[PDB]
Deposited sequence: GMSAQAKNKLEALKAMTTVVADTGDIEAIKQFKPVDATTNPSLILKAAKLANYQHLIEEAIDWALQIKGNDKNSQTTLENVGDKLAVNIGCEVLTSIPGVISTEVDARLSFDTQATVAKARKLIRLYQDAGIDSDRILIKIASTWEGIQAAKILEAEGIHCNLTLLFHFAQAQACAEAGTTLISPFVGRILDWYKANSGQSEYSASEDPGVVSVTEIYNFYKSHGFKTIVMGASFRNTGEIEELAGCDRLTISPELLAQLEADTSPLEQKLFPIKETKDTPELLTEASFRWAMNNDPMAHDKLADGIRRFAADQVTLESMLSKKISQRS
């Protein structure tokens, strides 16, 4: 009784809820995760799949057949959402748990627009015959996005707060009653490698791992209920260094790697007891200072937002063509 095997994928599945970071059933079928996650990039990617081409149409159909009478932008944005939901719908058939679908990132600094879109996406899922509880609406972790999550969570729409790079986002998310957070580990790494002069890190010193660890400890030791889900890893090293965590979402590439590795897997994160009083509320002004004060988190949020919004438009360009071919 030191660890208890088979291989690392199987091993991890026993101390941590494993989640596939992909839009593609093929990967889900092969790895049999309990949740899955997508995002604008992964949706763009999945949309390029041959077997998924049918889903683009069924989206335009729905968009059109519902919308008998055309707003070249408004109507594009309805096909966009439907496609994401269709793709979610497909993965859902093959997983026992939950799906994470992300709102249009262009909405990131606008709380009300964000909540509108979340309810929208939920409704679209209800239409497809899916209980809202099978769903996590993913929102970039800006102040505004967290305020959104507050409102939604208060009426039982569950949120995945993503692009999380910092303690301050963590505290705020939790203070607002968020269901889950998805800190972007690999990206914290990327930033430090490209900016620090240290440019080799090991699992322990990996600043993403260090960050997600502080947060995890803070959550459990303070009784906060928000699920902690590491995401967006550069390597197995980091995933391993987090083994024990509530959940972890993992690329099919890294997923394959884990399954192929037969070495034993030491648990690193543990159930910790609640022993500290819930702390002073983190104010907007304090949040914003914290966040401006940390170069890497300041950079990496903005950039992930830029990147995801960009992928929204390139996704839209491609949908526009299919649009005009009628």
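Judged by missing C-alpha atoms, the gaps in the deposited chain sequence fall at residues 5, 71, 329, listed in sequence order.
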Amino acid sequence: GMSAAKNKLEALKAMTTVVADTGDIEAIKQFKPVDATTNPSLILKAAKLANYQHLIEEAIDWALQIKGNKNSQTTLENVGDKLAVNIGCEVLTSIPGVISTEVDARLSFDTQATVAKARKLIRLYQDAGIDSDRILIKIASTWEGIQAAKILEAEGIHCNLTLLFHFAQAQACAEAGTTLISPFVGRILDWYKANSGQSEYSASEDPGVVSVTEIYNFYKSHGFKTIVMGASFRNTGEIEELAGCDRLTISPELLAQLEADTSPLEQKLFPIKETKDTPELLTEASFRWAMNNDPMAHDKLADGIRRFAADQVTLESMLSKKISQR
From here on, numbers count along this sequence of modelled residues.
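For the pair 173-181 and 127-135, the mean Cα B-factor is higher in 127-135. As listed in the deposited structure, the average C-alpha B-factor of 71-79 and of 154-162 is greater for 71-79. Across 111, 196, 221, 141, the greatest Cα temperature factor reported in the deposited entry is at 196. Across the options 41, 53, 293, 283, the residue with the most elevated CA B-factor in the record is 53.
Compared with the other modelled residues of the chain, the Cα B-factor recorded for residue 269 ranks in the middle third. In this PDB entry, residue 168 carries a Cα temperature factor that places it within the lowest third of its chain's modelled residues. Annotation for residue 94: C-alpha temperature factor in the highest third relative to the rest of the modelled chain, per the entry. In the PDB entry, residue 311 places in the middle third of its chain by CA B-factor. Ranked by C-alpha B-factor against the other modelled residues of its chain, residue 299 falls in the lowest third.
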